[PDB]
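Participant: build the 3D model from these lines:
(chains A and B)
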Amino acid sequence: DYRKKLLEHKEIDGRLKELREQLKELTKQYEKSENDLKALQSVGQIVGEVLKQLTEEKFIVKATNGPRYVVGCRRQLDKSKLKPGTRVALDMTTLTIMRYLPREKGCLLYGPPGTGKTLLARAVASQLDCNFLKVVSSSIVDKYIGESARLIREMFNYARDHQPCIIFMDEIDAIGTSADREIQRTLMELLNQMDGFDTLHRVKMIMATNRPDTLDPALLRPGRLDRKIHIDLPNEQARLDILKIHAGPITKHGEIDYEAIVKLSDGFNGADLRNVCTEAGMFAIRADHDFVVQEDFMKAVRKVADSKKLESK
Amino acid sequence: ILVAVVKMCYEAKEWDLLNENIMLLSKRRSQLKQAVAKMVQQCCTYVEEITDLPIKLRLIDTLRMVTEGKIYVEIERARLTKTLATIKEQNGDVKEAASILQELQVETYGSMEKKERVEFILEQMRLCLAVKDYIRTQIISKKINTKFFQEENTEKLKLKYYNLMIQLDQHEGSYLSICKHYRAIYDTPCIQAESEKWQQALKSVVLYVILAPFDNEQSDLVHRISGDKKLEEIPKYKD
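Facilitator: Residues are numbered from 1 along each chain as shown, chains lettered A, B, ... in the order given. Take a look at the structure below.
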């Protein structure tokens, strides 16, 4: 009688305290709506550019529309950003200044036997890349007279202005008569913009190929590609490691042997082995089952891996 | 029976005989570490006491192979020269100091070594007690404290080597050497027992603040030690 009223009142108090969470969560967004409505009150700002400064307090601005004006100095800002050469912003009323407006070393990994080192660059880039800047070898067609020097200086200039820069060159065998003159031009521009006062600590590039006879003996010279590593054995220990730490979320049959799948899928990379196991998952999802007999797994390994070996031209 | 003359002559005279006919440089660098590791392993099992005559020719040959190689993980190359340097410590010949300390710079640049760099970096200040060259000390705590504060280096005895690092600069310098040394030993009592820290840590906790420059560091450096309960327990608190 008396002992049950505590549990019952605890239930009424429970269902009474479990209804506040359905409102106190959305009240923060509702108040954020009026916060934004109070944040949209700063309107009417324009831009400008500074070329010549006569007085330290008052300088000349250049608007984007074409007409030029002159503004003053606001009591809040200082003379740090007031120096010329920095794009600033202006206001429609009194032409005050609220704030400014900011404008906007080598490793070779080639394997004489087999192909797929571009997929090794996909393995390293899929492991830890953190810098997205890709350059394709099909942009140096040079069907014009030939002026890729400013393309190299402008590309690496955008690599200086853009801190994230990790490149992965690939398919260089088809671009490697005057067929070599452009290679000596672009490569000598690479030396001219890599051996001087260049930011080598920020730029990074990886060159890939497909054949051991077209290795570009100019690229084989030191300098351009200092760190050279052959691919004769595709890192069976690192392949097994990639399979172990990349075979987590994929569910397969209970009886699974990693050494057999590693040995039956070699030559290219361990991330390609991950593509073979995720391909076996792409067939197990077609067979609407989580775990299946390894016969279909051996069909993905033999048929898909050997299809990579045959169609890997 | 073992003469070891023909043994050292076979490999000493035949290094790249198979690598001169093959025009395709394979640059394996995969079984070379296992081959050199097997050579230093067998020589490690036959390095204690076998025969004193061939060991000087084998060592004088492999230390030249260190320079002739120029491409390695820089682990065995340091292994042979430090296991030779340990023999040169009790051998009484300190002339090899320029060799070990000159080649150490080559054996520490060009690769990424975290644990081996600290275990092998003690040779910089090991024979320095016998050398006592001021310019060498100026070149090498400079080359020692390049980029390392706390991380990527674990042992246990870290504080002991920390005391073994700048105390020699205290022997070379007079007072400024401990201004930046005695100010970083506040974490030492936290790692080990605080019983023995009263004699060394809580004693050297006042030397750097007394010998601190009188311009600016005296104003703010006195507040880092104030507030500690163990400070008032020292009879020197009144001083």
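
Participant: report the closest residue of chain B relative to chain A.
Facilitator: Closest approach between chain B and chain A, counting by CB to the nearest CB: residue B:27, at 5.3 Å. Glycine gets a C-beta too; all of them are placed from N, C-alpha and C.

Participant: okay, buried residues for the top helix by length along chain B please.
Facilitator: Secondary structure of chain B per DSSP state H: the longest helix is helix B:52-69. Neighbour-count burial for helix B:52-69 flags B:54-55, B:58-59, B:62-63, B:65-66 (criterion: 16 or more other CB atoms under 10 Å in any protein chain shown).

Participant: what sits up against it?
Facilitator: The set of residues external to helix B:52-69 that reach it, using CB atoms under 8 Å, 6 or more residues apart in numbering or on different chains, is B:4-5, B:7-8, B:12, B:43, B:47, B:77, B:80-81, B:84, B:99, B:103, B:107.

Participant: buried ones among those?
Facilitator: For these, buried by 16+ other CB under 10 Å: B:43, B:47, B:77, B:80-81, B:84, B:103, B:107.

Participant: so can I have a markdown table of these showing distance to chain A and secondary structure?
Facilitator: Formatted as a markdown table, these follow (distance: CB to the nearest CB, whole Å; DSSP: H, G, I helix; E, B strand; the rest coil):
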| residue | distance to chain A | secondary structure |
| --- | --- | --- |
| B:43 | 26 | helix |
| B:47 | 29 | coil |
| B:77 | 19 | helix |
| B:80 | 25 | helix |
| B:81 | 25 | helix |
| B:84 | 30 | helix |
| B:103 | 22 | helix |
| B:107 | 19 | helix |
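
Participant: in this structure residue A:193 contacts residue A:156, no?
Facilitator: Yes - using CB atoms under 8 Å, residue A:193 makes contact with residue A:156 at a distance of 5.2 Å.

Participant: what's across from whichever residue of the stretch 151-300 of chain A sits closest to chain B in the sheet?
Facilitator: Nearest residue of the stretch 151-300 of chain A to chain B, counting by CB to the nearest CB: residue A:230, 5.3 Å away. Here residue A:230 shows beta-bridge partners residue A:110, assigned using DSSP bridges.

Participant: any idea how far residue A:311 is from chain B?
Facilitator: To chain B, residue A:311 is 27 Å away according to CB to the nearest CB, to the nearest Å.

Participant: look up phi and psi at that residue.
Facilitator: phi -90, psi 20 (degrees, to the nearest 10).

Participant: same question, residue A:108
Facilitator: According to degrees, to the nearest 10, residue A:108 has phi -110, psi 120.

Participant: run through the residues that contact the closest residue to it other than its chain neighbours.
Facilitator: Nearest non-adjacent residue to residue A:108, counting by CB to CB, 6 or more residues apart in numbering or on different chains: residue A:225, 3.7 Å away. Applying CB under 8 Å, 6+ apart to residue A:225 gives the contacts A:106-108, A:207, A:219.

Participant: please, which helix or strand holds residue A:225?
Facilitator: Using DSSP states H and E, residue A:225 falls within no helix or strand.

Participant: now do residue A:242
Facilitator: Under the assignment here (DSSP H and E), residue A:242 is part of helix A:236-245.

Participant: residues in contact with that helix?
Facilitator: So helix A:236-245 is contacted by A:123, A:258-259, A:261-262, A:266, A:269-271, A:273-274, A:277 (CB under 8 Å, 6+ apart).

Participant: of those residues, closest to residue A:94?
Facilitator: residue A:123 (58.6 Å; CB to CB).

Participant: isn't that closest one right up against residue A:270?
Facilitator: Yes - taking contacts as CB under 8 Å, residue A:123 lies within contact range of residue A:270: 7.0 Å.

Participant: more neighbours: those two, which one.
Facilitator: Remark: of residue A:123 and residue A:270, residue A:270 carries more neighbours, 24 against 20, as counted by other CB atoms under 10 Å in any protein chain shown.
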